[PDB]
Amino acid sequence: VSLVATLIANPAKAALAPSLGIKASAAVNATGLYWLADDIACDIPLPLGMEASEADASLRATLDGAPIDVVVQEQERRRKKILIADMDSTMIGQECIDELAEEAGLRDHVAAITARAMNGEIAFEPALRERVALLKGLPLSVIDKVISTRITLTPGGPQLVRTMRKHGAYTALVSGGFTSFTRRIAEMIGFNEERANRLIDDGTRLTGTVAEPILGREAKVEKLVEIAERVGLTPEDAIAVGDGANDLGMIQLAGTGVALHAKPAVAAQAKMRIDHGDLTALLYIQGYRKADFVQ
């Protein structure tokens, strides 16, 4: 019945100064205050009897205007042994489908569809079919061209995955995007596995269609269920992270679900949001100290 609050800043805008942490912990009459990383993250055990609603509200007031995230959770079982993470705009800085669209001269057209799909204003599968149809005829050569020149890893990603693995967790990159991207990205970052949709080609060029059935919101829920049974755990043993509406199913099922840099409509439906930190925030969410990290 013991709660703990964690405050988290981006290491590139590390504003969680020692005085700010003290003030924050005072704001909740905390038992103590433990630094997971200097100027970046600290744990605050809430007094027994304080509801999770009072803190967070109390802590977001005291921090109002600083780029510092607030999460509250039970301290037991906050370290998870499964990670399931979306790729597009979560572990990479880009939307792979928008990047491919540029090679067809249609970036802005496709990207506006992507934004509504990711906000939940249109269903994923028909949005994906519409966007991929515009890629018809692109040569298979442009995939590596996109990956090598325009895809970048989100800060903190490798360290999150590697540190979780170091501690025995099983880590999976699941994506409504494309296996030709997740395969390379998952290896760059160090995931144990990846699972994504598949572009159809004729042997030289993209047909403009996607292998059916299309993996969407429920396919992420099902992959989390599948991973947990296979490693002999439950989804409660997983932390799930994404930015989009099609991530909310796995975010809501996992024991710890994080909306990471999500738009307000998506972030409204997640119990835990990270708007400032990078992916190391999920390490601090789980109680890790910077000493425990794989550097």
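The first residue of the sequence shown is number 1, and the count goes up from there. Rigid core here is just the name for the largest C-alpha set that superposes within 1.5 Å across the two forms.
K.L.:
Fitting on the core, do the C-alphas of 39 to 47 or of 257 to 265 deviate more in 5 other deposited structures of this protein?
P.N.:
Once the core is superposed, the stretch further away in 5 other deposited structures of this protein is 257 to 265.
K.L.:
Decide which of the stretches 62 to 70 and 47 to 55 has the higher mean C-alpha B-factor, going by the entry.
P.N.:
The stretch with the larger average C-alpha B-factor is 47 to 55.
K.L.:
Would you tell me which stretch averages the higher CA B-factor in the PDB entry, 90 to 98 or 134 to 142?
P.N.:
Mean CA B-factor is higher for 134 to 142.
K.L.:
Go through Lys220, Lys166, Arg205, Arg198 one by one and give the residue whose Cα B-factor in the PDB entry is largest.
P.N.:
Checking the PDB record, the top C-alpha B-factor among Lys220, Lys166, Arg205, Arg198 is at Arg205.
K.L.:
Among the candidates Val266, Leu33, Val241, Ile40, give the one with the maximum CA B-factor reported in the record.
P.N.:
The C-alpha B-factor peaks, among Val266, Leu33, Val241, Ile40, at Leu33.
K.L.:
Taking the values exactly as deposited, rank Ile122 by C-alpha B-factor within its chain and report the matching third: lowest, middle or highest.
P.N.:
Middle third of the chain for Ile122's C-alpha B-factor.
K.L.:
Using the B-factor values recorded in the entry, state whether the Cα atom of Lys81 falls in the lowest, middle or highest third among the modelled residues of its chain.
P.N.:
Middle third by C-alpha B-factor.
K.L.:
Tell me, lowest, middle or highest third: where does the Cα B factor of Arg183 rank within its chain?
P.N.:
Highest third.
K.L.:
Is the Cα B-factor recorded for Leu224 in the lowest, middle or highest third of its chain?
P.N.:
CA B-factor rank for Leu224: lowest third.
K.L.:
In terms of the chain's CA B-factor thirds, is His276 lowest, middle or highest?
P.N.:
Lowest third - that is where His276 ends up once the chain's C-alpha B-factors are sorted.
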